[PDB]
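Peer 1:
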Amino acid sequence: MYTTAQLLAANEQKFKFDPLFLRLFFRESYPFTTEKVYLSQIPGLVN
Amino acid sequence: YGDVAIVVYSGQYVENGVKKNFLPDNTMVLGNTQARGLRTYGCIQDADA
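Those protein sequences? They're chains A and B, same order as listed. With the first sequence counted from 1, adding 2 to any position gets you UniProt numbering. With the second sequence counted from 1, adding 244 to any position gets you UniProt numbering.
This is the structure:
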């Protein structure tokens, strides 16, 4: 009504979050076209 | 280590079904890098060869 409020700056309250994994171990990304995936580990132990 | 060069070896090899280190638990070898060895290979006993 007649209060004459003047606004100052507003603090954001940022939330800290850093991956440290997707850019340290998961540097590669693959899309899908199928519904599942296969992972192959070839054990090489020659005598 | 002054004059002698120090190394630590951990190579392994696979016997019939399992792996094992080449060296036993605790071995210490005084050697010289300039010592000459021999990679000698005999004649291939093969008629085709």
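Note that beta-carbon positions come from the ideal geometry of N, C-alpha and C, so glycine has one too.
With distances taken from CA atoms, which of B:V251, B:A249, B:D247, B:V262 is nearest A:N49?
Peer 2: Here residue 49 of chain A refers to the residue found at position 47 of the first sequence. Nearest option by C-alpha distance: B:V262.
Peer 1: By Cβ distance below 8 Å, which residues in the same chain neighbour A:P33 in space, the five residues on each side in sequence not counted?
Peer 2: Start at 1 with the first residue of the first sequence, and residue 33 of chain A comes out as number 31. Cβ neighbours of A:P33 beyond the five flanking positions: none.
Peer 1: Would you say A:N49 reaches chain B, if we count a Cβ-Cβ gap shorter than 8 Å as a contact?
Peer 2: For the purposes of this step, residue 49 of chain A is taken as residue 47 along the first sequence, with counting starting at 1. Yes, A:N49 counts as interfacial toward chain B.
Peer 1: Cβ of B:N260 less than 8 Å from any chain A Cβ?
Peer 2: Residue numbering aside, residue 260 of chain B sits at position 16 when the second sequence is read from its first letter. Yes, B:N260 lies at the interface with chain A (some Cβ there is under 8 Å from its Cβ).
Peer 1: For the candidate residues B:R283, B:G275, B:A291, whose alpha-carbon lies nearest to that of B:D247?
Peer 2: In the second sequence, residue 247 of chain B corresponds to position 3, counting from 1. Minimum Cα distance to B:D247 is reached at B:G275.
Peer 1: When DSSP builds the beta bridges, which residues end up paired with B:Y253?
Peer 2: Position 9 of the second sequence, counted from the start, is the residue given in the question as residue 253 of chain B. Paired residue(s): none; B:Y253 is not in a bridge.
Peer 1: Distance, Cα to Cα, B:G286 vs B:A293?
Peer 2: As a position in the second sequence, residue 286 of chain B is number 42, starting the count at 1. As a position in the second sequence, residue 293 of chain B is number 49, starting the count at 1. The straight-line gap from Cα to Cα measures roughly 13 Å.
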